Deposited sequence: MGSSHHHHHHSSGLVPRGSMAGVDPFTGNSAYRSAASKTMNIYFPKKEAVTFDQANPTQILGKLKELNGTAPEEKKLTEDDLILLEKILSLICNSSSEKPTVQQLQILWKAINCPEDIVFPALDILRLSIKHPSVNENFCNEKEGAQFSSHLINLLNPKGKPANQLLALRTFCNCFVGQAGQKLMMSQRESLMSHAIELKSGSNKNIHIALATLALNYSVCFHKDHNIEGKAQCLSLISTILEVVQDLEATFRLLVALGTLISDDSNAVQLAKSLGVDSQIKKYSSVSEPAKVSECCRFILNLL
């Protein structure tokens, strides 16, 4: 173990800007046709969810609040992104994680969010759906769901490696990293390795690059079979070029630790 990897817990998107989120939510809701528009009482319940999360209240979100959150994230694609941001923030909370990601009903949740990861989608929706998936690994239910749904989610992640949206790429790299944390924890890794390598090949953002290298170091750590697979495959050859990268320093340093294992 070194200062980069192996990560033992999920890397999350924790920035909390509830005023901005709630502001935009109300503004965009106002542009909805009347049939789809959330009511004043619906908006109060979403505000309350944000209050509980942002104030770290011991009061748990209600069934009624989580039902409204579900309704909110099912609104027209042009205006869903603030409600997705409430979800991204809320999904780390045990009550919310369990009621969206549990065994029986989680497939409905993930399939909905995966629909928002379509390459022609609104980039804000793609970004927030990815960040939400990153965040749901903090809970046991979220972790189970991400593993059972991994074929679908990894397929969709890979398709977003295109272009140059740095924030989406960072979220992709973080999704790979959170998967690596799960495989590190237990004993699959070959699939996770193709994911990391495929994205790493194309991404330009150095934060995304860094998180992919952390994902790779985490994936092979403390598993002699995984190190040997990586060595046999010649992973060292594909990441050698990062060993020369001078800024940020963390990229070359993380890469040199991986190269030390291989």
Gaps vs the deposited sequence (1-based, no CA atoms) are 1-39, 227-229
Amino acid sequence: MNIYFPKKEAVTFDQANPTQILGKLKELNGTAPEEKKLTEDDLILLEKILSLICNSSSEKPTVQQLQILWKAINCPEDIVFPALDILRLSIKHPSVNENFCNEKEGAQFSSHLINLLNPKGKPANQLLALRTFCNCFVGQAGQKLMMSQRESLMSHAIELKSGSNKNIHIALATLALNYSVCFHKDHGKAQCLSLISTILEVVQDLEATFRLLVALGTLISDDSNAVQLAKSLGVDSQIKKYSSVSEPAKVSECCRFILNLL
From here on, numbers count along this sequence of modelled residues.
Between 50-58 and 205-213, which has the larger average Cα B-factor in the PDB entry?
50-58
When the C-alpha temperature factors are averaged for each of 75-83 and 126-134, which stretch ends up with the higher value in the entry?
75-83
101, 182, 190, 113, ranked by C-alpha B-factor: the highest one:
190
Classify residue 167 as lowest, middle or highest third according to the C-alpha B-factor given in the PDB entry, relative to its own chain.
lowest
Taking the entry's C-alpha B-factors for this chain, is residue 251 in the lowest, middle or highest third?
middle
If you rank every modelled residue in this chain by C-alpha B factor, which third holds residue 152: lowest, middle or highest?
highest
State the tercile, meaning the lowest, middle or highest third, of residue 218 with respect to the CA B-factors recorded for its chain.
lowest
Of the three thirds of the chain ranked by Cα temperature factor, residue 173 occupies the lowest
